[PDB]
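A.B. asks: Before I ask anything, let me first share the structure, which is written out below as structure tokens.
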Amino acid sequence: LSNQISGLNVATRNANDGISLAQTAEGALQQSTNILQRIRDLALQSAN
Amino acid sequence: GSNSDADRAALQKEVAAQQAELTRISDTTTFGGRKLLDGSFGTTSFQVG
């Protein structure tokens, strides 16, 4: 039981690091979506 | 996370220190110069009758 408890605790910690990494990745992806929609605006403006 | 902590080398040093501590716990049990759990224990039998 102590083995399982400690394993689940360190797993909670590692999962927290994983959620943080995924949050950074999703933030970068949202930034890239903004940049891409900006390129779309410049492209449709470039119709001229 | 299988890719995040580039100091798995430091992790290896620390777990090596841990296993050396294990081997040291194996030793230093010199209860009579007849080390109990490490080395060569004769597997004795205490007489009670």
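By order in the structure tokens, chains are A, B, ...; within a chain, residues start at 1; ligands start at 1, following the order shown.
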Would you list which chain A residues are within 10 Å of chain B using only C-alpha atoms, as a ChimeraX atom specification?

C.D. replies: /A:14-18,21

A.B. asks: Restricting the output to C-alpha atoms, write the selected residues as an mmCIF file, in the first residue's frame.

C.D. replies:
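Dumped everything to again_38.cif:
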```cif
data_model
loop_
_atom_site.group_PDB
_atom_site.id
_atom_site.type_symbol
_atom_site.label_atom_id
_atom_site.label_comp_id
_atom_site.auth_asym_id
_atom_site.auth_seq_id
_atom_site.Cartn_x
_atom_site.Cartn_y
_atom_site.Cartn_z
ATOM 1 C CA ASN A 14 4.667 13.952 -13.206
ATOM 2 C CA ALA A 15 1.131 14.458 -14.525
ATOM 3 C CA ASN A 16 1.237 18.037 -13.247
ATOM 4 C CA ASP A 17 4.441 18.600 -15.221
ATOM 5 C CA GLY A 18 2.691 17.046 -18.215
ATOM 6 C CA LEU A 21 3.923 21.233 -20.798
#
```

A.B. asks: Using Å and a single decimal, report how far atom CA of residue 20 of chain B sits from atom CA of residue 7 of chain B.

C.D. replies: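 Calculated distance between atom CA of residue 7 of chain B and atom CA of residue 20 of chain B is 19.9 Å.
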
A.B. asks: Atom CA of residue 9 of chain A to atom CA of residue 25 of chain A: how many Å, to one decimal?

C.D. replies: 24.5 Å

A.B. asks: Can you list every residue in chain B that DSSP puts in helix (DSSP H, G or I), as a ChimeraX atom specification?

C.D. replies: /B:8-26
